[PDB]
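# Structural features, examined
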Amino acid sequence: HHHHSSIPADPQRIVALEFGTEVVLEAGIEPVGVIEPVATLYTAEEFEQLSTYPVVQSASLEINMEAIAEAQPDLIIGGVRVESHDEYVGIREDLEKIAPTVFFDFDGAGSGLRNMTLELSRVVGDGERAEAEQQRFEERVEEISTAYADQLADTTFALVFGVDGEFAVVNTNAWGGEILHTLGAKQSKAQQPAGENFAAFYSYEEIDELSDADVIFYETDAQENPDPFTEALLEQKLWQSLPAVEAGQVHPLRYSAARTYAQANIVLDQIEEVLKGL
Amino acid sequence: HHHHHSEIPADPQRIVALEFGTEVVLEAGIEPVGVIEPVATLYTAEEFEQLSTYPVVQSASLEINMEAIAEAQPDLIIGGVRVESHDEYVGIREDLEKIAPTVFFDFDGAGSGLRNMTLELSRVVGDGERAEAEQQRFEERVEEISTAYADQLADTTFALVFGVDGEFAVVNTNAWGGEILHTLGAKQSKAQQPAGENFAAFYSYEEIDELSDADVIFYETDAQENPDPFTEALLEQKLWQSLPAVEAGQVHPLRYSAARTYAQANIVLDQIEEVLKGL
């Protein structure tokens, strides 16, 4: 297939590199510098707000050092993929000439995200909201798992998003696919070829790979609006012949990435509402 | 890149006010016998009418007319000196003392250095007690306002702007009204940041959206709340109308932005509190 898958006590001026943005928004902090905001990750309101902040890091993750220096931070925060720990050790000491820098490593695309993110929340002093959300998620998982054990046992789920010319099926080790799997949900054998990747990729001709799905989730932005490639997928002729489509069991899923525990809880709420309707 | 780059007599009777001296003699109710060329924008309309009757002894460019000073026959000459120009003014000071006792105070910056320098001149012309009362009242009012509107200060981003020819400026945390907002603990716009250690950051009209994070915008005016022509031209720009703060009706004039004395600095505080009340 064409796509290949997977320090100050009360700090005042925080630069948020990648994954730090979710942290400062949840803590009600206005950063003095951010990684370029992508709208799909945030509330419309949050995006309008984030767009007024200085940009210090790009999509491709390269850091504008002079811009960071210009912003005069008391604290620089960010998540780091663990496979790039070596590179960022050097990057780290550069940023230290400007300000105290706190990087946390995380592995993979599952619970590693919301845990790295919980650590950053501790560091900016929003540790307690953050730990409350962690405990609430663990509670809600247990509760939902038992309250709907029959539905969970009998229903095959799939989580999808579109890319250019192909769609993806999210694996059990990533994003909403992880959370579904944590609940004990059965998922389509379409996810299986992902192996250790986060998602498996298929052509439009292979849409009937999802035929064993009773319930289908498609990734959307915070307004339940699908990306243009996901919209293309839902407009495919073969999409209409899917049992889950004909049965009216196709649902938007906000915050599929579950970058924080708060996001992971919103995912659970949405899964619960679908479980209710079965 | 932008075009704009960033034995003193007891009870003296005949004072020549060079630069920064004018604010001192006015507040002390003294009629100086000579002044630096008065600049209308720094004074009330009525004050300027008075000052215009006095002999001019120093020009805008700060060159001193020694002859004019001797003709005024002062018994005391006073003024502020930018600390960078100290060497130059040792020579100047020596010349002036052939005429009369001469008192210069060095100051650094464009922040608290100013109002503290004019506080010293105030003491020297015998007005020390009114001056010191202003300094205390300013410190008091900063504490008061800081606590009373702590929530507004925490949530509101401010910006202080003025127009120049073809471009505009955003004032920095170390200068004029920007320094007073900073001293108060106000948060100000990212637009200051390119200034570094300079007093202001300059922008072209196309870059007006750099003020997009400001909730409240102040613009410098004269003592009659009249903006200068260059500031008017900023306020009439198309892109200005799209600013969140403009759309929110939170654009306000700001008098005595320069805050040359503690009394001026207090008038600035009074205008900021007034804005905070309307959140």
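Residues numbered from 1 in each chain as written, not as in the entry; some residues may be left out. Chains lettered and ligands numbered in written order. Heavy atoms only, no water. Residues with missing side-chain atoms left out of burial classes, pairs and counts.

Going by the header, the method for this PDB entry is X-ray crystallography, and the resolution given is 2.444 Å.

### Notes on the domain arrangement of chain B
Residue and element names in this part refer to chain B. Taken as a whole, chain B is organised into domain 1 (15-131) and domain 2 (132-278). One C-alpha centre belongs to domain 1, the other to domain 2, and the line joining them spans 27 Å. Contacts between domain 1 and domain 2 engage 23 residues on the former and 24 residues on the latter. Surface buried jointly by domain 1 and domain 2 totals about 1,900 Å² across both partners, of which 49% is contributed by carbon and sulfur atoms. Along the contact surface separating domain 1 from domain 2 lie three salt bridges. Across the contact surface, domain 1 and domain 2 share 18 residue pairs in polar contact. Elements represented by at least two residues in the side of domain 1 that touches domain 2 include exactly helix 1 (22-27), helix 2 (45-51), helix 5 (112-124) and helix 6 (128-148). Across the side of domain 1 that touches domain 2, the residue classes tally to eight nonpolar, eight polar and seven charged. (Domains from an automatic or database assignment. Contact = heavy atoms within 4.5 Å. Buried area = accessible area lost by both parts, 1.4 Å probe. Salt bridge = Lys/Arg side-chain N within 4 Å of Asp/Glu carboxyl O. Polar contact = N/O pair within 3.5 Å; in protein donor to acceptor, adjacent residues only side chain to side chain. Helix = DSSP H or I, 4+ residues; strand = E, 2+ residues; numbered from the N terminus. Nonpolar A, V, L, I, M, F, W, Y, C, P; charged D, E, K, R; others polar.)

### Some points on the side chain of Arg140(A)
Take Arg140(A): it is sitting in helix 6 (residues 127-147). Not counting the four nearest positions on each side in its chain, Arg140(A) is found in contact with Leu268(A), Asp269(A) and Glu272(A).

### Some remarks on the packing of helix 6 of chain A against helix 11 (residues 261-276) of chain A
Residue and element names in this part refer to chain A. In the contact formed by helix 6 and helix 11, the axes pass within 9 Å of each other and the chain directions differ by 25°. By the angle between their axes, helix 6 is roughly parallel relative to helix 11. Crossing handedness for the pair helix 6 and helix 11: left-handed. Only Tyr261, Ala262, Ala264, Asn265, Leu268, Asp269, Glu272 and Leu275 of helix 11 make contact with helix 6, whose side of the interface consists of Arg129, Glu133, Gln134, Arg136, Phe137, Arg140, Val141, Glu143 and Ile144. Within the contact of helix 6 with helix 11, the residues separate by chemical class into eight nonpolar, two polar and seven charged. (Axes fitted to C-alpha atoms, helices over the stretch in contact; angles between N-to-C directions. Parallel < 35°, antiparallel > 145°, perpendicular 65-115°, else oblique. Left-handed = near helix turned anticlockwise from the far one by under 90°.)

### So, the pairing of strand 9 (residues 199-203) of chain A
Residues and elements named next belong to chain A. The buried fraction of strand 9 is high, at five of five residues. Burial along strand 9 is two-sided: the residues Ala199, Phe201 and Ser203 and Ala200 and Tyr202 are all buried. Pairing analysis gives five bridges linking strand 7 (residues 166-170) to strand 9, with the strands arranged antiparallel. Opposite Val170, over in strand 9, you have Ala199 as the bridge partner. (Buried < 20%, exposed > 50% of the residue type's maximum accessible area, 1.4 Å probe, protein only. Pairing = 2+ DSSP bridges.)

### Describing the packing of aromatic side chains
Remark: the centre distance and the inter-plane angle together describe each pair of aromatic rings, the angle taken between the planes. Residues and elements named next belong to chain A. Evaluated as defined, the whole model comprises 14 aromatic pairs over all chains. Residues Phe161 and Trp175 carry aromatic rings whose centres are separated by 6.3 Å and whose planes lie at 75° to one another, so their mutual orientation is edge-to-face. Taken together, the residues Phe161 in strand 6 (residues 156-162) and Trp175 in helix 8 (residues 175-182) connect sequence positions 14 residues apart. Here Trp175 falls in the partly exposed class, since its relative accessible area comes to 23%. By way of ring pairs, the aromatic residues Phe161, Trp175 and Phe198 are connected into one cluster. (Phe/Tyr/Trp six-rings, centres within 6.5 Å; stacked < 30°, edge-to-face > 60°.)

### Overview of the domain arrangement of chain A
Residues and elements named next belong to chain A. The domain architecture assigned to chain A consists of domain 1 (14-130) and domain 2 (131-277). The distance between the C-alpha centroids of domain 1 and domain 2 comes to 27 Å. Here the side of domain 1 that touches domain 2 takes six residues from helix 5 (residues 111-123), the largest share from any one element.

### As for the sheet that holds strand 3 (residues 56-58) of chain B
Residue and element names in this part refer to chain B. With parallel pairing, five strands are arranged side by side in an open sheet as 3-2-1-4-5. Unpaired on one side and paired on the other, strand 3 and strand 5 (102-107) mark the two borders of the sheet. Across the sheet, the mean angle from the axis of one strand to that of its neighbour is 25°, orientation sign disregarded. Across the face of the sheet, helix 4 (residues 86-96) comes into contact with strand 3, strand 4 (76-82) and strand 5 while running at roughly 170° to strand 5.

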